[PDB]
Amino acid sequence: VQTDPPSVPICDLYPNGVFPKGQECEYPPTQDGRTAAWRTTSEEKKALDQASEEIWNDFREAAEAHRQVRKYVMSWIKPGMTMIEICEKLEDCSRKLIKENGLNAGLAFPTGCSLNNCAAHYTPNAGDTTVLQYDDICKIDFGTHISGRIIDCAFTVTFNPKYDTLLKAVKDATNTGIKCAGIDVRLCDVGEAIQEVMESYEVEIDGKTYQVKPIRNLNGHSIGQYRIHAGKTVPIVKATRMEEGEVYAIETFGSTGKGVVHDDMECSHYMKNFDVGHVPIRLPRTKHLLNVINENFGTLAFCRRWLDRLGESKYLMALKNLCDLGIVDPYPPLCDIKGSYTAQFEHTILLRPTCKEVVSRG
Ligand SMILES: CC(C)Oc1cc(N2CCNCC2)ccc1-c1c(C(N)=O)[nH]c2cc(F)c(F)cc12
Ligand SMILES: [Mn+2]
Ligand SMILES: [Mn+2]
């Protein structure tokens, strides 16, 4: 049985090695009104689904770790805590439950804890004294993986009820996206549906009214093995189609600002360019850092805190060299206008030959 606080790896909770399935859904009907129900009983679709059972089983193990971590996070996340303490407590639990084992099992990307106007990609670097406030709107975005089968799942934390309708707008837009997604469904269609739902909401925060705006340059995406973004984008504002066997992160962002984000603040997130092959490096500090990245993260994203934890120091020039060489890409915090409020909800979905599985669903 799982301990309180959670410390038992998901692997040990399921001795048979069969991890729980997420929410299973029938695919949406076509424009003509033809149902996709036939996929569930098709012997050909069942054969194709069984052939990838090991892959879905890995996503399910990573999803169960994610559910247990986020249930744990919700029980203690409070204003007064430093952003570092929140991230380290969350990551310590995540490492234990995923049974972190080099590139075979672990953390898919750093824990995002972006606040207020900053929509995404903010994690504290060493020495960050930021403390979570009662009026903050915090986006907890973390990932787990088994054999590079990534769970990309996020939720928004608040303490003040004044943001309740903003959170509801974004949860409804995310659930709409999940519902509209399916094999042969256009990505532009999922995007238009998300926008229509989010914009139907009006909110009042400290005597000011706003229509909830989707963040036009933040989007959902396909997921590849050891690849957080596999090249297909799911817009969240108003003709490429989703394909069978694909995995998607369905995420939406709502804002009281412009509904557009720009790079801002100190960068904490970094990730090797997936398309860049072998690059010989002679520069000793740059060479060492790339070897550290290749061994510990490969093509998965990382943060400066994780380099500090690995015992690395005086690596900032080496890291900048890797960025300038195009081997590593920086992913700085993405912010809307000062004074604005942003919220996010995200799930990982499997486009299985038989059904659509919201593998990360709570
Ligand atoms: C800027 C955007 C929000 O995130 C991305 C854009 C890309 N793109 C490449 C192809 N060219 C366009 C950009 C790749 C990956 C991401 C990305 C995502 C995500 N999409 O959820 N989560 C992350 C976490 C990380 F720690 C990280 F380092 C990167 C990411
Ligand atoms: Mn995410
Ligand atoms: Mn994502």
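Each answer follows from the model by the rule given with it, or from the source it names; no laboratory instrument gave them. Cβ atoms come from the backbone with ideal geometry, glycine included; neighbour counts cover every protein chain shown.
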Of (1) within 16 Å of ligand 3 (Cβ to nearest atom); (2) assigned by CATH to the domain that holds residue 211; (3) among the β-branched types (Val, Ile, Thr), residue 354 satisfies all except one. Which? (1)
Selected residue (only one of 64, 24 is touching a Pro at 6+ places or on another chain (Cβ under 8 Å) and either surrounded by fewer than 19 Cβ atoms within 10 Å (Cβ to Cβ) or in the same structural domain as residue 175 (by CATH) (or both)): 64
Condition first: within 16 Å of ligand 1 (Cβ to nearest atom), among the hydroxyl-bearing types (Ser, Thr, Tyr) and either assigned to a helix (DSSP H, G or I) or farther than 21 Å from residue 58 by Cα (or both). Now tell me which residues in the range 78-112 satisfy that. 94
Identify the single condition in (1) surrounded by fewer than 20 Cβ atoms within 10 Å (Cβ to Cβ); (2) within 15 Å of ligand 1 (Cβ to nearest atom) that residue 204 does not satisfy, given that it satisfies every other one. (2)
Considering residues that are buried (at least 19 other Cβ atoms within 10 Å of the Cβ), more than 16 Å from ligand 1 (Cβ to nearest atom) and either assigned to a loop (DSSP other than H, G, I, E, B) or not β-branched (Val, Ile, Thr) (or both), the number found within the range 117-147 is 4
Of the conditions (1) within 16 Å of ligand 2 (Cβ to nearest atom); (2) buried (at least 20 other Cβ atoms within 10 Å of the Cβ); (3) farther than 24 Å from residue 45 by Cβ, residue 191 satisfies every one except a single condition; which number is it? (1)
What number of residues within the range 229-254 satisfy the criterion of being surrounded by 21 or more Cβ atoms within 10 Å (Cβ to Cβ) and within 14 Å of ligand 1 (Cβ to nearest atom)? 9
Which residues, counting only those in the range 306-348, are within 16 Å of ligand 2 (Cβ to nearest atom) and in contact with a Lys or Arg (Cβ under 6 Å, 6 or more places away or on another chain)? 344, 345
Check residue 210 against each of (1) surrounded by 18 or more Cβ atoms within 10 Å (Cβ to Cβ); (2) of a type outside the set (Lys, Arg); (3) within 16 Å of ligand 2 (Cβ to nearest atom); (4) not in a helix (DSSP H, G or I) and name the one condition it does not meet. (3)
